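The data below hold one chain only, encoded as structure tokens and taken in the form deposited in one PDB entry.
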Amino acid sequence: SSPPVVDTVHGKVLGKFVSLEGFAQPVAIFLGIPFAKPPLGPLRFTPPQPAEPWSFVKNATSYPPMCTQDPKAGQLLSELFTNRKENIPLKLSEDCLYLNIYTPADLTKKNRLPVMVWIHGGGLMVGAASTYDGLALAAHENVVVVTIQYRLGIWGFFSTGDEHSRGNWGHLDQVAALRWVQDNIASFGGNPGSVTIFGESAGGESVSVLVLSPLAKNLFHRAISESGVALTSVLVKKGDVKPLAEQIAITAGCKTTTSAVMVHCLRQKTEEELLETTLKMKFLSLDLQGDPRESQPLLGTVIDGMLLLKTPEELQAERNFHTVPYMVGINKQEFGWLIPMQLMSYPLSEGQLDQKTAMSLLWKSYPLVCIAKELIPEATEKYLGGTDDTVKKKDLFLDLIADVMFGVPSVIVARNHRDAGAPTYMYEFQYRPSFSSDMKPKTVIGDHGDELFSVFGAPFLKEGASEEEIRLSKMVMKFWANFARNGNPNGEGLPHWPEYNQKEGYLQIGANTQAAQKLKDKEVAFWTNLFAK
């Protein structure tokens, strides 16, 4: 019964025990541990500072707020992605730099378990750590699971393109959480010499950015990007970021006289005024009015000169990144339902698409796929021209967006990582979880986020999982935690997962799981040639 109490650098923390049926050792859970000073007032749009130390024992048994964000979209994504039986309602706050810890170690003995640090998705605009319950993965695989938060949206990524607001505050928060883990996780039974970062969607892009950042040197030892990398271009702003900053300033009621003037004005706004600004900007929603080249669907990663010194393409060309073991994976249908239908309000209710509407829509999709207008016909013809059925054309259009956004970027990242001599692994995930939304057509399989339910052991926390689904989660969890332990997912009882080498082996994960070769090879060739003009 007696709750666990752990000493950290900054003070003592009190957690709680939670048992998972069939595991003798209850899991010690610590909710809402601060890893930075709350980024309020003048600390807005600045790097995170260390948390101030506290006397006595901090009660770490309540979920922290989630970072300020569109509450409706944030709650929706939490409901769609959570592995728990009931979604936990969360408060909003700028005071959100917290992490949650699930340790299966008996804290009365000494333990050095591998640590897995989860970075949540959400487009860099929404999301929360508390969505993801670490209980099942921690108990089933004997790993310490850490879920982190980081500033989002305007708070996390507002950039003037210069020294007055460089940008990438949320990525700096991720780095601060990893340094906290280095300094403290051994008190929770974890091994700071074996930290694996893993994340999905914008969280997978964050993992890829951290692989590219000198600030993350020696903070992690393996990495996993699930459905998102630093070549997912909608998340990485190149070129001139000043137009977006000025539009944000104006919407908030601020002058644009200079960068410093904009940033100081935004620093005086209340949280509520910046949230009103966020909602007026209509982020994460396909912009159908005006020139598509001016659409800004999210505030994201920039080349700031501190976290990222050059573009991801330039960094991989010079082999300037952390050559840790790296697992890069995609799902069979990344654009099948949840991103267009639930997050971005795509005009695809009809379920048939003719080629003319497809070209018009692909042009409107410019902020996602970056295809010049003169190249829209060729691109569309390559995917939709081979059939005459317009339902098939709609499905092939979804394939096209998925390949440009996720599949091709992921293979290019994996190839460049392999070519720097690092151990590299890839997967393609194909399963339709029973936990899918009731709104989701039964023909969508391997949608964006579908692997989450297997990675986080949803069949052991939510009800109604089939026996096949339970088996799948046990295998995925074991692959992931073997990778955390050894930088190699393989082990006894598991299908062989080849290294992604020059033969380009990868694992097809699903009801039938087996190795395959050359993922997306034809598509990479096509799109690389197309984007070279």
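The first residue of the shown sequence is 1; numbering continues from there. Here the rigid core means the biggest group of C-alpha atoms that line up within 1.5 Å when the two forms are laid on top of each other.
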Mean Cα B-factor check, 296 to 304 vs 282 to 290, entry values; winner is 282 to 290
Higher avg CA temperature factor (421 to 429 vs 389 to 397, as deposited) belongs to 389 to 397
Hey, out of 477, 29, 67, 494, whose CA B-factor is highest in the deposited coordinates?
-> 494
Can you tell me which of 174, 93, 259, 87 has the highest Cα temperature factor in the record?
-> 87
Would you mind ranking residue 225 by its C-alpha B-factor against the rest of the chain and naming the third, lowest, middle or highest?
-> lowest
Chain third (lowest, middle, highest) by recorded CA B-factor, residue given as residue 498 = middle
Would you check the entry's CA temperature factor for residue 205 and let me know if it's in the chain's lowest, middle or highest third?
-> lowest
Assigned third (lowest, middle, highest) for the C-alpha B factor of residue 435 = highest
Cα B factor band for residue 33 (lowest, middle or highest third within the chain) | lowest
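Missing here is the form solved in complex with a small molecule; even so, the following discussion is about that form.
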Answer yes or no: in the deposited complex, does the small molecule come within 4.5 Å of a heavy atom in every one of 341, 394 and 439?
-> yes
The stretch from 415 to 423, 300 to 308, 215 to 223, 347 to 355 that lies within 4.5 Å of the small molecule in the deposited complex, judged by heavy atoms, is 347 to 355
Among 114, 459, 156, 336, which has any heavy atom within 4.5 Å of the small molecule in the deposited complex?
-> 336
Picking from 384, 195, 176, 398, the single residue whose non-hydrogen atoms come within 4.5 angstroms of the small molecule in the deposited complex is 398
Which one of 217, 310, 72, 319, by Cα shift of 2 Å or more between the shown form and the other one, core superposed = 319
